[PDB]
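For reference, the chain that follows is the form deposited in one PDB entry, supplied as structure tokens.
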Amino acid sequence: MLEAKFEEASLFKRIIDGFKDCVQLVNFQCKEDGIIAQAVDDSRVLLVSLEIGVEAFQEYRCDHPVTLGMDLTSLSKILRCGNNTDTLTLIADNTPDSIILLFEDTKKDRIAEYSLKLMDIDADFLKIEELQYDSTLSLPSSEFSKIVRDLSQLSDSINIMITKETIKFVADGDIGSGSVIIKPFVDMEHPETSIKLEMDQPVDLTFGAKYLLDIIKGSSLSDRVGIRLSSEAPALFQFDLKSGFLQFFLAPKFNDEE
């Protein structure tokens, strides 16, 4: 069973836009403590992991863990109906064939009620995140977006190099090249702008501009993105929600991978 309704349909429409783009399907599933989901591009280098806590729903009941996959573009079309304030109510029975998305106006005039035929995925969820990542930084999300779009002009691969007290994005391509370089610092004038960074061992990872571009669409969800990198493992970029989060595990380039 499943019955969950958000206050503002925007929140759910915001989140889904965050990965609607980098993955073809998403296998959603509700647990007693909230909703979670996961997706992997066909290119098999990008993993999307989502969690919306109960804390984010005005009503929520998942009395029996219903797993349900579905095409994202199809889900986005149904979410276009959005109304970003008028109540969105996910509804899905015990063993569903389609999830019913129900929007209702502030009164009872509009019964916008869509049903989206679910997909069929042979659920193989992955737990690849790890305990210790070589380096860990965070920074204003939009600062990060700029850097990622910018450098992706020059090259198809952005290189993220982290050394002691120095974070350096560098794109080197054909027309030329360029590199943004930032340093950790505080700002109690609005601490959520200060660049936090710990580095257990300096790291140098190169990723695909393509994918990174997708990963920054989660910026419309948080004030600060957090990036953790590991030499022997996909880097974990994350954006926090009011209860829950949205994380993208991107596999660093071998020479391919991106």
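Note that residue numbering begins at 1 and tracks the sequence as displayed. Here, rigid core means the biggest group of C-alpha atoms that superpose within 1.5 Å across both forms.
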*Once you work out the mean C-alpha B-factor for both 49-57 and 196-204 from the entry, which is higher?*
196-204
*Taking the recorded C-alpha temperature factors, which stretch has the higher mean, 215-223 or 40-48?*
215-223
*asked:* Take the CA temperature factors straight from the PDB entry and tell me which of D124, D150, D105, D71 peaks.
replied: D105
*Of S141, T87, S135, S157, which one's C-alpha B factor is largest in the deposited record?*
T87
*According to the PDB entry, is the CA B factor of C62 in the bottom, middle or top third of its chain, that is, lowest, middle or highest?*
highest
_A251 by Cα B-factor - lowest, middle or highest third of the modelled chain_ = lowest
*Thinking about Cα B factors across the chain, which third does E130 belong to?*
lowest
*Comparing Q238 with the other modelled residues of its chain, is its CA B-factor in the lowest, middle or highest third?*
lowest
*Taking the C-alpha B-factors as the PDB entry records them, is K210 in the lowest, middle or highest third of its chain?*
middle
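What comes next is about the form solved in complex with a partner chain, which is not displayed.
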*Within a 4.5 Å heavy atom cut-off, is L250 in contact with its partner chain in the deposited bound form?*
yes
*Does the 4.5 Å heavy atom contact test between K31 and its partner chain in the deposited bound form come out positive?*
no
_Heavy atom of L46 within 4.5 Å of its partner chain in the deposited bound form_ = yes
*Give a yes/no on whether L229 approaches its partner chain to within 4.5 Å in the deposited bound form, heavy atoms considered.*
no
*asked:* Which residue, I35, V203, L68, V40, is the contact with its partner chain in the deposited bound form, using a 4.5 Å heavy atom cutoff?
replied: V40
*After superposing on the rigid core, which residue among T73, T106, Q132, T95 shows a C-alpha displacement of 2 Å or more between this form and the one not shown?*
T106
